[PDB]
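What follows is one structure encoded as structure tokens, with my remarks underneath.
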Amino acid sequence: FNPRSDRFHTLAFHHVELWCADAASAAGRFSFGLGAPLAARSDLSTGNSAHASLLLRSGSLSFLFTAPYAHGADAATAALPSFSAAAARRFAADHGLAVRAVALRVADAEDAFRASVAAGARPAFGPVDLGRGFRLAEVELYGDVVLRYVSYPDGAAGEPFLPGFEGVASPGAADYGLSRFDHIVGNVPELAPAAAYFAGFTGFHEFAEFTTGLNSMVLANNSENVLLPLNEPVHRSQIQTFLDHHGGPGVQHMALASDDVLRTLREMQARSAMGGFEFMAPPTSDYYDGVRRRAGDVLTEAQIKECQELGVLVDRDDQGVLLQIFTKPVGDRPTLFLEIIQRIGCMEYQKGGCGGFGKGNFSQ
Amino acid sequence: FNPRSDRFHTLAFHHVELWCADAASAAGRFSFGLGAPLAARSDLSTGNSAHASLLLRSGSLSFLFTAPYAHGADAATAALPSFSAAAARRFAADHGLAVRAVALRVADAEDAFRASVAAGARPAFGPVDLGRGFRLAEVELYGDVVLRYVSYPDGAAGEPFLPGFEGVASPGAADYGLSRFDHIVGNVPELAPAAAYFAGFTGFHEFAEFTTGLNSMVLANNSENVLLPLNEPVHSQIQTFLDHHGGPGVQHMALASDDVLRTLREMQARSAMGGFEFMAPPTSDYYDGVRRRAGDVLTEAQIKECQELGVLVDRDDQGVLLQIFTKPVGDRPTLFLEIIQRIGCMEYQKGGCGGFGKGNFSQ
Ligand SMILES: Cc1cccc(C)c1-n1c(=O)c2cc(C(=O)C3=C(O)CCCC3=O)ccc2n(C)c1=O
Ligand SMILES: Cc1cccc(C)c1-n1c(=O)c2cc(C(=O)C3=C(O)CCCC3=O)ccc2n(C)c1=O
Ligand SMILES: [Co+2]
Ligand SMILES: [Co+2]
């Protein structure tokens, strides 16, 4: 059942912004670890004396890393009008490396902002004109994470990012096959008030529910190409550990999709030792006898063999299979981690959520 | 002239520690950018809930990256007893990614501390025993940068780093040939008072002085294997550092390799995908000058490779310096790196062989 109850036209994921201690360090390591070359910048070298922002890109995946300058800063040169230097300094201290903004492209950032706050959204940054048709607004998502709306005409899709961001070419830099954001998951202490608030102001509909040490709900836009789950603890748990160390609600993981995840993972795992991302240790060997039974009709024996070699997990639902693997936490604290995935099947384009989210795997 | 006036036995550089709000990002990028595999850690996984510390090593070169935990942090579990979460949070807000500690191995950290403050050093952390014979002490160097003394018996050497740190094996991880710290440079608004204070409490002796716009003074220990220069601006690149850093601090660290061109080939191969960028190569007429000045030391092939990589060549009395500088290593136009090789002065190699690049201010 899809009621298509979006209160505003929600087109797709646009970017994720991490407010960093040092944007050069975080973007540099993520570039190497993910195979996502630098694609745009706004900083002192482009006339922005308020914040340093670096935009990494792989396929349609856009990661924005932003840090505040401390001295000589003219707040009027910020390419992101919502930026506040003291808020970013506090944010990095409160959390370590952490997602500040989940950004969706909407038909009209002002219309989405107005509809959101009328339906209970706590305003974060009222809509502004970024220039030549670009609009931006923010509302509170959970904790100190904001849901950012950006809008611009389709004819502007050739531009690097947002006004004020200069493009950066990547001639001698190829990617590792990461193609798109699939889902972004938040942890909250109480799912029911947080889901009621968030689904309430967006009109996003329940896509999936898993109850089980967590209770989870997946919220989706009309087309279900925007997937934004929320988790709560039950009652020591993985969700509570996050909340304690993080200091509040926050983004727990971002799932990044590839059309060939085994090839992507071989490249990422070659980088782990020297400063890329380490991955969770592979399951016991009997896990993959299970994979042969549950998915041996759609995965070849060789593919399952590669899955075992690289440690990837396999789950399946009705007519779809999910390959997934998780990184260890990507900052200092046991909080944020990444999920790298491939979805197989549900070609009806591919229907969102094909293969589910890995519920079958929590018996590791 | 070397008066060998050290107030305490100063053995060698031991490590440099950067304070950060995010150690994992900085140590991650430095690891593949410089080719320094992770070699030790102290954090939640080792029983330390106060700070997360990552130790990168390449040869004798050791970089420590430390960030405070924010919630449920028990300061009493810190592996670094001088660590203070409140001071580290202030440090990151004030400076961004920046050097906090320049650490020297001394014969006895307690004696080095006592003799220093007796000679005017502003104390920063009184000497403490870390166990297994390790002692640690800190005095103020300039601004918020401390000079850290560490001492331990030579039968300890095989310990990963300091007590409380757990080794990281990094299975088949390879370095890019960086082998040791050559010198570490601080910027200050006024050279004469800063040097009077610093040379005063250490007994380090003046090794060289230069005028560019900057005035500089190199201080050295007795053996001259520890080189700690200071710059002031001329009333500028130095003032831009002070403005954006918020005060005095470490401007650059020079990292030596026994084969800098091979090292730089590996570092520059990492630039496009998140490694460090380097200052652009000088124009071809500069390298005609290198041929005139250094054709008795470098081959034509080396000079052509220097040009390809952008490395600068300078020379003093019977020594040659090969050096190249990175762009700033973080967001702010503050800290940067110098990658070098020294050629000649084999009498081991005499410290400071070939100078610091005073010639290279014309290119
Ligand atoms: C990575 C890790 C570290 C330490 C402890 C644990 C449980 C895990 N961990 C996961 O966090 C995990 C998450 C999902 C999944 O991504 C999904 C949530 O289950 C709720 C719905 C939406 C979201 O997409 C699936 C499988 C998982 N598995 C199997 C796993 O082991
Ligand atoms: C890298 C960069 C960026 C923007 C502006 C400039 C001047 C530079 N820059 C340097 O900072 C630089 C520093 C030294 C040198 O390392 C040395 C100082 O000259 C004083 C003595 C101790 C110290 O070790 C030598 C050559 C240099 N050159 C050639 C150079 O261009
Ligand atoms: Co997931
Ligand atoms: Co130098």
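How many residues are among the charged types (D, E, K, R) and facing chain A (nearest Cβ under 10 Å) when one looks only at segment B:39-67?
Filtering segment B:39-67 down to residues among the charged types (D, E, K, R) leaves B:41, B:43, B:57.
This time we only want the ones that are facing chain A (nearest Cβ under 10 Å), so: B:43.
Residues that pass the stated criteria total 1.
Give the residues of segment A:1-21 that are within 14 Å of chain B (Cβ to nearest Cβ) and in contact with a helix residue (DSSP H, G or I) (Cβ under 6 Å, 6 or more places away or on another chain), sorted by residue number.
The first filter runs over segment A:1-21 and keeps only residues within 14 Å of chain B (Cβ to nearest Cβ), leaving A:18-21.
Residues satisfying the conditions are A:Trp19, A:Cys20, A:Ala21.
From B:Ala85, B:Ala70, grab the single residue that is within 11 Å of chain A (Cβ to nearest Cβ), in contact with a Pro (Cβ under 7 Å, 6 or more places away or on another chain) and surrounded by fewer than 22 Cβ atoms within 10 Å (Cβ to Cβ). Outline the logic, then answer.
Details: B:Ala70 fails: in contact with a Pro (Cβ under 7 Å, 6 or more places away or on another chain).
Of B:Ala85, B:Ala70, the one residue that is within 11 Å of chain A (Cβ to nearest Cβ), in contact with a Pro (Cβ under 7 Å, 6 or more places away or on another chain) and surrounded by fewer than 22 Cβ atoms within 10 Å (Cβ to Cβ) is B:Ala85.
Which of the strands (runs of 3 or more DSSP E) found entirely inside segment A:1-80 contain at least 1 residues meeting this: of a type in the set (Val, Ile, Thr) and not assigned by CATH to the domain that holds A:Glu278? If you could, list the steps in order and put the result at the bottom.
On the way: elements: A:10-19, A:38-42, A:51-58, A:61-68.
Counting at least 1 such residues, we get A:10-19, A:61-68.
For every residue, the table says whether it meets (1) surrounded by fewer than 22 Cβ atoms within 10 Å (Cβ to Cβ); (2) over 30 Å from B:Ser45 (Cβ atoms).
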| position | (1), (2) |
| --- | --- |
| B:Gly143 | yes, yes |
| B:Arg148 | no, no |
| B:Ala156 | yes, no |
| B:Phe161 | no, no |
| B:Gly164 | yes, no |
| B:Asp175 | yes, no |
| B:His183 | no, yes |
| B:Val188 | no, yes |
| B:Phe204 | no, yes |
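Is it true that B:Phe91 is crowded, with 17+ Cβ neighbours inside 10 Å, part of a helix (DSSP H, G or I) and either more than 9 Å from chain A (Cβ to nearest Cβ) or in contact with a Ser or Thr (Cβ under 9 Å, 6 or more places away or on another chain) (or both)? Walk me through it before giving the result.
Working: crowded, with 17+ Cβ neighbours inside 10 Å: yes; part of a helix (DSSP H, G or I): yes; either more than 9 Å from chain A (Cβ to nearest Cβ) or in contact with a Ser or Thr (Cβ under 9 Å, 6 or more places away or on another chain) (or both): yes.
Spelling it out, B:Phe91 is indeed crowded, with 17+ Cβ neighbours inside 10 Å, part of a helix (DSSP H, G or I) and either more than 9 Å from chain A (Cβ to nearest Cβ) or in contact with a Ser or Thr (Cβ under 9 Å, 6 or more places away or on another chain) (or both).
If I filter segment A:173-219 down to residues being out of contact with any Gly (no Cβ under 7 Å at 6 or more places or on another chain) and of a type in the set (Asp, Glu), which single residue comes out as nearest to ligand 3 (Cβ to nearest atom)?
Only one residue fits best here, namely A:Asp182.
All of this is worked out from the model, or read from it or from the source named; nothing here is a laboratory result. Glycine also receives a Cβ, built like all others from the backbone with ideal geometry; neighbour counts cover every protein chain displayed.
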